[PDB]
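First the structure, in the form of structure tokens, and then the observations on it.
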Amino acid sequence: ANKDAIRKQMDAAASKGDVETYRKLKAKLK
Amino acid sequence: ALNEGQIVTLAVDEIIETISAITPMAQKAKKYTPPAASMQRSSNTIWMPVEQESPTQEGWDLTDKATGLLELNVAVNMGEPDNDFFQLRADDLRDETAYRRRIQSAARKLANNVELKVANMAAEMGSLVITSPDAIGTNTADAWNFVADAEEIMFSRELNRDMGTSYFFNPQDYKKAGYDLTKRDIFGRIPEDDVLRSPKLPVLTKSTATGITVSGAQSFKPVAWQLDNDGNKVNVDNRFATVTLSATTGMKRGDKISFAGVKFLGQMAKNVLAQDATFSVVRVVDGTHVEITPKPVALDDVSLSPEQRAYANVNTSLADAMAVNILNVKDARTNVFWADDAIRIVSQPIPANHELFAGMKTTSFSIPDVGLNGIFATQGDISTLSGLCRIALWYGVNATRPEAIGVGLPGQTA
Amino acid sequence: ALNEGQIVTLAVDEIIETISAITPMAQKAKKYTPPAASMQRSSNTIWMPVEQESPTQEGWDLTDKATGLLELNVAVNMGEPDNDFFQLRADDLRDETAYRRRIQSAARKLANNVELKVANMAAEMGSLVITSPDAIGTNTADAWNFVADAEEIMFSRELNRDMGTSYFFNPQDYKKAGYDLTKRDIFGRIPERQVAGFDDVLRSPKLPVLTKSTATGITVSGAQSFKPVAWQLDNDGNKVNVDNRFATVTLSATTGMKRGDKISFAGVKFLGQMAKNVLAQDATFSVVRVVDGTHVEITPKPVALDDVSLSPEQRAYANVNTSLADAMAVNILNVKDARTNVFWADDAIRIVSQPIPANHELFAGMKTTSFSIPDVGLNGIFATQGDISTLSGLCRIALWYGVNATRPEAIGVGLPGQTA
């Protein structure tokens with residue numbers, strides 16, 4: 001579902017280098 | 001196979017979540033952020049005020065009574081950062097899970113250092129010592145109720161701002177105390193009385209000193225400031241008091257001592273308690289001098305001004321030849337408890353110049369649950385054919401009000 | 001004037017050409033490339049098979065061929081890479097020629113050390129030891145014929161049935177034997193088949209000196225019998241291959257014994273590998289390590305033909321007429337210090353190499369590029385980094401390879417001058 005899309009957003013944020021957005025999206029996923 | 005940004009993000013996320021997860025004690029200590037946050041590497045001595053205590057002011061007219069009150073400060077030295085300097089190899093970076101495993105192993109060591117520092121400071125600076133010949137257990141007849149005694153001694157002494165204390169058990173005594181742990185976190189935190197257990201609680205070795213007596217009549221007073229060598233005024237740390245003894249053989253930092261006649265006072269009400277005054281030596285200066293972590297300020301001392309007498313915490317001063325009882329007669333693994341701001345963790349962001357020097361990629365992060373500020377840096381080395389990685393945590397643990405930190409010592413049979 | 005890409009390309013080219021041209025000893029070794037490619041810094045022990053030829057069967061119906069021989073593996077471990085760490089000064093980067101010269105010097109160092117490792121392997125692990133008081137010389141009256149003796153001992157043992165034998169001479173014995181260096185390079189190769197033959201005699205100046213053994217009167221303790229076994233249980237309970245090259249024996253004492261010594265039990269005689277016929281030559285065994293003050297390990301596993309417990313498939317692996325008796329004497333061979341000459345069969349030494357596991361372009365501080373030397377079979381890495389201390393770059397060339405003396409019974413070391 002939307003979990004796989006937010007996982008792609010997490011990967012994009014991680015590749016960019018933004019820790020804060022990655023952590024927010026990880027909290028959203030869980 | 002992890003790009004640079006992915007390396008930084010995964011490492012910082014892993015560090016933050018695992019350190020915030022496996023630090024039970026450091027999260028019960030108050031977080032202090034220095035007001036002066038500047039880009040300097042020298043460790044400043046931060047003076048945080050302690051709660052002001054004033055004499056009872058009664059009557060309609062109070063002329064020149066606000067003046068003269070004492071404001072006392074306690075000093076913390078952050079010192080140098082705690083680093084974990086290691087090399088990142090190809091197998092670590094091959095995928096996300098292996099990199100997370102390596103970074104978790106590093107941050108686990110950093111959390112070790114934080115918790116070990118907090119536990120050792122609480123055990124060797126805690127002065128509210130409670131001992132019993134029995135062992136901790138649920139048997140009312142023959143076992144010792146550590147939590148009940150700790151709560152009673154903190155309530156009688158009135159050092160708890162009415163927000164409750166924090167009790168920390170070692171796993172042996174936590175098991176003996178009959179705590180179910182099935183409806184609790186691994187530490188006993190009731191995940192979504194706060195009694196917890198920690199595996200980093202030290203064992204307080206016995207003290208072999210037997211014939212120790214006070215050398216002479218000594219009275220201690222709270223001093224707000226003193227002149228340093230340059231002539232400026234510098235605050236005086238009013239926690240520790242230097243006591244001259246007959247001999248200090250067999251005395252080490254962390255030994256819990258008591259004096260024959262000296263008794264606790266209710267901190268706010270100044271009523272004499274039944275429990276003898278218990279002190280902890282933090283340093284042995286000479287063969288006849290020690291330094292005890294709460295300063296014994298006597299109510300009956302006539303040399304004290306009322307502003308100074310408002311800080312009295314013992315029944316009487318130290319006499320000419322007063323027996324010095326040793327509480328830690330037997331080896332026992334410590335159980336600690338403290339109230340409110342008894343321990344403060346002081347940390348400010350590490351000064352860094354990001355993306356300024358090519359080759360070194362420094363990322364500055366912060367752990368909000370614990371209150372630690374750190375930096376994560378990587379660089380490539382050809383003397384190892386691998387990428388050096390460094391994680392730093394810059395923090396200083398301060399035991400503000402050691403009178404509010406307690407150590408429970410079971411099985412002191414003597 | 002050089003840019004980073006030209007630096008990398010020129011350095012890799014120089015390393016490959018120089019290392020391929022220099023080492024003759026590593027060329028003679030059979031290169032082995034592990035099927036596994038690992039991303040770990042600690043190389044897994046490669047268990048590579050050792051094959052002894054099955055005897056051919058003739059006829060239309062081969063349903064009854066059976067005779068599944070024992071499958072034995074030898075273990076090769078890859079050590080830490082042999083690297084050359086040096087500074088690339090501004091003089092070396094002035095033009096192409098200076099950079100080529102500096103990289104050539106580094107490659108010469110690495111190739112020399114590779115040759116040294118191979119020569120030490122052959123000298124300290126060679127089993128076939130041939131000695132006499134005489135010294136190598138052209139005249140037949142009072143001198144050696146090292147090539148003839150090595151050929152004879154190889155033919156008697158039938159180790160090299162088809163392929164040729166590589167003979168290596170130290171420069172002094174190479175000159176004494178009558179081999180001329182005219183129209184020849186340093187190593188004795190002629191400046192210029194693969195299927196068969198190709199028997200060559202070369203001169204290698206990297207052969208070490210074998211120190212004499214200061215041990216006398218050592219006797220075998222107990223009665224040791226050794227059987228080649230393919231599997232054993234490790235501590236985890238799993239099955240692990242057994243390195244059937246080394247067999248540990250119990251002796252009266254190991255005082256005065258070291259890695260490089262050679263021993264030859266009195267009552268033990270060599271056997272033809274394909275015929276199992278007892279040979280007049282005394283069986284020669286080379287020590288690898290001294291485990292304790294009482295036990296010691298030797299390069300050829302002595303498997304006695306006259307063993308009842310030995311299975312026929314195990315009896316195929318036989319090189320000894322009779323096992324160690326109760327009080328046999330070691331009868332140390334190398335009694336005088338002398339520079340060694342080594343010879344070995346086709347597959348008696350293997351060079352094992354796999355690419356160095358390193359991730360490139362992740363850390364901008366250093367520039368690492370992986371290179372391979374197909375002619376020699378060494379995989380390496382080339383790395384550069386700028387150092388502010390010297391206001392120039394630091395260069396590092398690391399070669400990762402593992403030399404294995406597979407089939408140590410086919411490695412022969414001949415040291416002359418053992419007068420007493």
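Note on naming: chains are A, B, ... as they come in the structure tokens, residues start from 1 per chain, ligands start from 1 in the order shown.
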
Practice problem: Tell me which protein, DNA and RNA residues are within 10 Å of residue 164 in chain C, counting only C-alpha atoms, leaving out same-chain ones fewer than 3 positions away, and put them as an MDAnalysis selection string. | Solution: chainID C and resid 151 160:161 167 196:200 344:346

Write the residues of the selection above to a file with C-alpha atoms, as a JSON list (two decimals), in the first residue's frame.
[["chain", "number", "residue", "atom", "x", "y", "z"],
["C", 151, "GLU", "CA", 65.18, -35.70, -13.46],
["C", 160, "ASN", "CA", 55.51, -35.82, -13.51],
["C", 161, "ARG", "CA", 54.04, -38.38, -15.91],
["C", 167, "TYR", "CA", 64.47, -26.27, -12.41],
["C", 196, "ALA", "CA", 53.21, -30.36, -23.09],
["C", 197, "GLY", "CA", 56.91, -30.30, -22.36],
["C", 198, "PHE", "CA", 58.28, -26.78, -21.83],
["C", 199, "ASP", "CA", 61.04, -28.06, -19.55],
["C", 200, "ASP", "CA", 63.16, -25.04, -18.62],
["C", 344, "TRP", "CA", 59.04, -28.73, -8.92],
["C", 345, "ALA", "CA", 56.49, -30.40, -11.18],
["C", 346, "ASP", "CA", 53.69, -28.75, -13.17]]

Next item on the list: Write out as a PyMOL selection string the residues lying within 7 Å of residue 288 in chain B, counting only C-alpha atoms and excluding same-chain residues fewer than 5 positions away.
Entry: chain B and resi 244-248

Go ahead and compute the interatomic distance for CA of residue 231 in chain C and CA of residue 325 in chain C, in Å to one decimal.
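Separating CA of residue 231 in chain C from CA of residue 325 in chain C is a distance of 26.5 Å.
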
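Using only C-alpha atoms, one finds that the residues of chain A close to chain B, at 12 Å or less, are residues 10, 11, 12, 13, 14, 15, 16, 17, 18, 19, 20, 21, 22, 23, 24, 25, 26 and 27 of chain A.
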
- [ ] Compile the contact shell of residue 239 in chain C as a list in words: residues with an atom at most 12 Å away, counting only C-alpha atoms, same-chain residues fewer than 6 positions apart removed.
- [x]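 The neighbour list is residues 229, 230, 231, 232 and 233 of chain C.
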
Could you dump the residues just selected with N, CA, C and O atoms as a short mmCIF file (atom, residue, chain, number, x, y, z; two decimals), in the first residue's frame?
data_model
loop_
_atom_site.label_atom_id
_atom_site.label_comp_id
_atom_site.auth_asym_id
_atom_site.auth_seq_id
_atom_site.Cartn_x
_atom_site.Cartn_y
_atom_site.Cartn_z
N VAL C 229 42.61 -38.93 4.95
CA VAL C 229 41.18 -38.85 5.25
C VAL C 229 40.64 -37.56 4.65
O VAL C 229 41.28 -36.51 4.73
N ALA C 230 39.47 -37.65 4.03
CA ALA C 230 38.92 -36.52 3.30
C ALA C 230 38.13 -35.56 4.17
O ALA C 230 38.08 -34.36 3.87
N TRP C 231 37.50 -36.04 5.24
CA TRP C 231 36.64 -35.22 6.07
C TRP C 231 36.95 -35.45 7.54
O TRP C 231 37.44 -36.50 7.94
N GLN C 232 36.65 -34.43 8.35
CA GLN C 232 36.67 -34.57 9.80
C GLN C 232 35.65 -33.62 10.39
O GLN C 232 35.23 -32.65 9.74
N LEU C 233 35.24 -33.89 11.62
CA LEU C 233 34.29 -33.04 12.31
C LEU C 233 35.02 -31.94 13.07
O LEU C 233 35.91 -32.23 13.88
#

Show me a table, sorted first by chain and then by increasing residue number, of the residues of chain C having an atom at most 6 Å from chain B, each with its shortest atom pair and the distance in Å to one decimal, counting only C-alpha atoms and written as CSV.
residue,atom,partner,partner_atom,distance
C:39,CA,B:91,CA,5.5
C:40,CA,B:91,CA,5.4
C:358,CA,B:90,CA,5.4
C:359,CA,B:90,CA,5.9
C:363,CA,B:380,CA,5.2
C:364,CA,B:359,CA,5.3
C:365,CA,B:359,CA,4.1
C:366,CA,B:380,CA,5.8

Requested in this report: Based on DSSP run over this structure's backbone, return all residues of range 100-264 of chain C in strand (DSSP E), as a list in words.
Outcome: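 Going through range 100-264 of chain C, the strand (DSSP E) residues come out as residues 128, 129, 130, 135, 136, 143, 144, 166, 167, 168, 169, 200, 201, 202, 203, 209, 210, 231, 232, 233, 239, 240, 241, 247, 248, 249, 250, 262 and 263 of chain C.
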
Give me the residues near residue 256 in chain C as a PyMOL selection string, where near means some atom within 7 Å (using only C-alpha atoms) and where sequence neighbours in that chain fewer than 2 positions away do not count.
chain C and resi 213-215+254+258

- prompt: CA of residue 373 in chain C and CA of residue 194 in chain C, how far apart in Å?
  reply: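 Going from CA of residue 194 in chain C over to CA of residue 373 in chain C covers 19.3 Å.
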
Which residues are close to range 116-129 of chain B, i.e. within 7 Å by only C-alpha atoms, leaving aside same-chain residues fewer than 3 positions away? Reply as number ranges by chain.
B: 25-26, 112-113, 200-202, 253-254, 278-280, 282, 293-294, 334, 336, 397, 402-408

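With distances taken over only C-alpha atoms, C:8 is the one residue among C:8, C:175, C:72, C:66 lying closest to residue 385 in chain C.
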
Q) Where does DSSP see alpha helix (DSSP H) in range 108-349 of chain B, if you list the residues as a ChimeraX atom specification? A) /B:108-125,146-157,171-176,306-309

Now that the selection is made, can you save its residues with N, CA and C atoms as a CSV table (one decimal), in the first residue's frame?
chain,number,residue,atom,x,y,z
B,108,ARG,N,26.4,1.5,20.6
B,108,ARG,CA,26.3,0.7,21.8
B,108,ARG,C,27.4,1.0,22.7
B,109,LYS,N,28.6,1.1,22.2
B,109,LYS,CA,29.8,1.5,23.1
B,109,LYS,C,29.6,2.9,23.6
B,110,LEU,N,29.1,3.8,22.8
B,110,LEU,CA,28.9,5.2,23.3
B,110,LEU,C,27.9,5.2,24.4
B,111,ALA,N,26.8,4.4,24.3
B,111,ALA,CA,25.8,4.3,25.3
B,111,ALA,C,26.3,3.7,26.6
B,112,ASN,N,27.2,2.6,26.4
B,112,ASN,CA,27.9,2.1,27.5
B,112,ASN,C,28.6,3.2,28.3
B,113,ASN,N,29.4,4.0,27.6
B,113,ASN,CA,30.1,5.1,28.3
B,113,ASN,C,29.2,6.0,29.0
B,114,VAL,N,28.1,6.4,28.4
B,114,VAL,CA,27.2,7.4,29.1
B,114,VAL,C,26.6,6.7,30.3
B,115,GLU,N,26.1,5.5,30.2
B,115,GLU,CA,25.5,4.8,31.4
B,115,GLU,C,26.5,4.5,32.4
B,116,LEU,N,27.7,4.0,32.1
B,116,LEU,CA,28.7,3.7,33.1
B,116,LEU,C,29.1,5.0,33.8
B,117,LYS,N,29.2,6.1,33.1
B,117,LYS,CA,29.5,7.4,33.8
B,117,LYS,C,28.4,7.8,34.8
B,118,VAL,N,27.2,7.7,34.4
B,118,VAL,CA,26.1,8.1,35.2
B,118,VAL,C,26.0,7.2,36.4
B,119,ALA,N,26.1,5.9,36.2
B,119,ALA,CA,26.0,4.9,37.3
B,119,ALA,C,27.1,5.1,38.3
B,120,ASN,N,28.3,5.2,37.8
B,120,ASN,CA,29.5,5.4,38.7
B,120,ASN,C,29.4,6.7,39.5
B,121,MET,N,29.0,7.8,38.8
B,121,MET,CA,28.8,9.0,39.6
B,121,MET,C,27.7,8.9,40.6
B,122,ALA,N,26.6,8.3,40.3
B,122,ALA,CA,25.5,8.1,41.3
B,122,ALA,C,26.0,7.3,42.5
B,123,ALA,N,26.8,6.2,42.2
B,123,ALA,CA,27.2,5.3,43.3
B,123,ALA,C,28.3,5.9,44.2
B,124,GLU,N,29.2,6.7,43.5
B,124,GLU,CA,30.3,7.2,44.3
B,124,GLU,C,30.1,8.6,44.8
B,125,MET,N,29.0,9.3,44.4
B,125,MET,CA,28.7,10.6,44.9
B,125,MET,C,27.4,10.6,45.7
B,146,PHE,N,13.9,-2.2,49.8
B,146,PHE,CA,14.8,-1.1,49.5
B,146,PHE,C,14.0,0.1,49.0
B,147,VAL,N,12.9,-0.1,48.2
B,147,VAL,CA,12.1,1.0,47.7
B,147,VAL,C,11.4,1.8,48.8
B,148,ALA,N,10.8,1.0,49.8
B,148,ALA,CA,10.1,1.7,50.8
B,148,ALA,C,11.1,2.5,51.7
B,149,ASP,N,12.2,2.0,52.0
B,149,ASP,CA,13.2,2.7,52.8
B,149,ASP,C,13.7,3.9,52.1
B,150,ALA,N,14.0,3.8,50.8
B,150,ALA,CA,14.4,4.9,50.0
B,150,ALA,C,13.4,6.0,49.9
B,151,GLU,N,12.1,5.7,49.7
B,151,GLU,CA,11.0,6.6,49.7
B,151,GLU,C,10.9,7.3,51.0
B,152,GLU,N,11.0,6.5,52.1
B,152,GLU,CA,10.8,7.1,53.5
B,152,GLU,C,12.0,8.1,53.8
B,153,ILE,N,13.2,7.7,53.4
B,153,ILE,CA,14.3,8.6,53.7
B,153,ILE,C,14.3,9.9,52.9
B,154,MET,N,13.8,9.8,51.6
B,154,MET,CA,13.7,11.0,50.8
B,154,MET,C,12.6,11.9,51.3
B,155,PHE,N,11.5,11.3,51.7
B,155,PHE,CA,10.3,12.1,52.2
B,155,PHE,C,10.6,12.7,53.5
B,156,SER,N,11.2,12.0,54.5
B,156,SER,CA,11.5,12.5,55.8
B,156,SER,C,12.5,13.7,55.6
B,157,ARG,N,13.5,13.5,54.7
B,157,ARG,CA,14.5,14.5,54.5
B,157,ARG,C,14.0,15.7,53.7
B,171,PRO,N,20.3,-6.3,38.5
B,171,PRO,CA,19.5,-7.4,38.1
B,171,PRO,C,19.3,-8.5,39.1
B,172,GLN,N,20.3,-8.7,39.9
B,172,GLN,CA,20.1,-9.7,41.1
B,172,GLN,C,19.0,-9.2,42.0
B,173,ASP,N,19.2,-7.9,42.5
B,173,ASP,CA,18.2,-7.4,43.5
B,173,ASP,C,16.9,-7.1,42.8
B,174,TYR,N,16.8,-6.8,41.5
B,174,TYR,CA,15.6,-6.7,40.9
B,174,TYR,C,14.8,-8.0,40.8
B,175,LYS,N,15.5,-9.1,40.5
B,175,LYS,CA,14.9,-10.4,40.5
B,175,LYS,C,14.5,-10.8,41.9
B,176,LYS,N,15.3,-10.5,42.9
B,176,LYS,CA,14.9,-10.8,44.3
B,176,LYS,C,13.7,-10.0,44.8
B,306,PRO,N,21.6,33.9,59.8
B,306,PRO,CA,20.4,33.3,59.4
B,306,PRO,C,20.3,32.8,58.0
B,307,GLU,N,20.8,33.7,57.1
B,307,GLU,CA,20.9,33.3,55.7
B,307,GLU,C,21.7,32.0,55.5
B,308,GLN,N,22.8,31.9,56.2
B,308,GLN,CA,23.7,30.7,56.1
B,308,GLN,C,23.0,29.6,56.8
B,309,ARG,N,22.3,29.8,58.0
B,309,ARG,CA,21.6,28.8,58.7
B,309,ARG,C,20.4,28.2,57.9

- Task: Please identify all polymer residues within 6 Å of residue 397 in chain C, counting only C-alpha atoms, omitting same-chain residues fewer than 5 positions from it, and present them as a ChimeraX atom specification.
- Result: /C:83-84,381-382
